[PDB]
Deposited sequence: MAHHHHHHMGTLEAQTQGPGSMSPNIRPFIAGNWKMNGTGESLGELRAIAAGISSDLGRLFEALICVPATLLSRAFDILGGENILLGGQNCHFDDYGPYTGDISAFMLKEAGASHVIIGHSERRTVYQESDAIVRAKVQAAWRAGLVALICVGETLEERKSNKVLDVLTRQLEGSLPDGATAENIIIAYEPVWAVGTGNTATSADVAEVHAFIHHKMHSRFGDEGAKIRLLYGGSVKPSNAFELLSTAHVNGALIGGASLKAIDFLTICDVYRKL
């Protein structure tokens, strides 16, 4: 499986940030993806569109178009230059009450538009404390993933919302990998599984060396090229 390093800028980035984005790209010139705010996507594509780095969005709506003030369609992301979109991030599941059925509908829209969906799952502190980690993941993986998923059209990120040790991560990733084989067979075994908890240059070697971790979904350490590229450099070792 080809490793995949995804950065999520979250609610950071304007035209002033394009230099930094170029620096991330030039450091790549594994696969790498940066997911920028929707306001910046077209301008990011204008400078990076040819280059090695992949460009993504951070959420999309379930419909192709329509009366949804303040929402962005998968088609809008695609036309602005995204190839990938994060869907079901913990920051949204909570605040925007995105249920697994809502997440599945968003994934289906992403595919209609030709995007790869980077689907996030993960249990809360109360859920882990209740000894419900595998029950939550069983439900979220089933409900969030539409029928028709392939190793080409989805990538999964595990977020330990409750926080994680590399043993904790190994246990979860093995569980998720078995789930993908159970539902999607041999092709399911090729679905990339990213660790999406705290990933920093200081813990990247240990986390990315872990069985069934096929990359990372990196938040704050994706905002500066020096951090992001130092994490990417682990694959040299």
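Absent C-alpha positions map to the deposited sequence ranges 1-25, 55-60, 195-200, 275, in order along the chain.
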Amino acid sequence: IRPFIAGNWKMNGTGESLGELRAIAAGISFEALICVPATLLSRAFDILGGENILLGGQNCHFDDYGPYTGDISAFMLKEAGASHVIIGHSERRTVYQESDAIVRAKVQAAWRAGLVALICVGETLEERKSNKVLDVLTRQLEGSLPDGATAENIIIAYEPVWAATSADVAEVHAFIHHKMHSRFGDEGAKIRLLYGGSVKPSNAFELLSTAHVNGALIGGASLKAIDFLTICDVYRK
From here on, numbers count along this sequence of modelled residues.
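Averaged over their C-alpha atoms, the temperature factors of 38-46 and 196-204 are higher for 196-204. Between the stretches 129-137 and 81-89, it is 129-137 that shows the larger average CA temperature factor.
The maximum CA B-factor among the listed residues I176, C60, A170, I53, taken from the PDB record, is found at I53. The entry lists a Cα temperature factor for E16 that places it in the middle third of the chain's modelled residues. When all modelled residues of the chain are sorted by CA temperature factor, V161 is found within the highest third. The entry lists a Cα temperature factor for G148 that places it in the highest third of the chain's modelled residues.
Ranked within its chain, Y68 lands in the lowest third, by CA B factor from the PDB record. When all modelled residues of the chain are sorted by CA temperature factor, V95 is found within the highest third.
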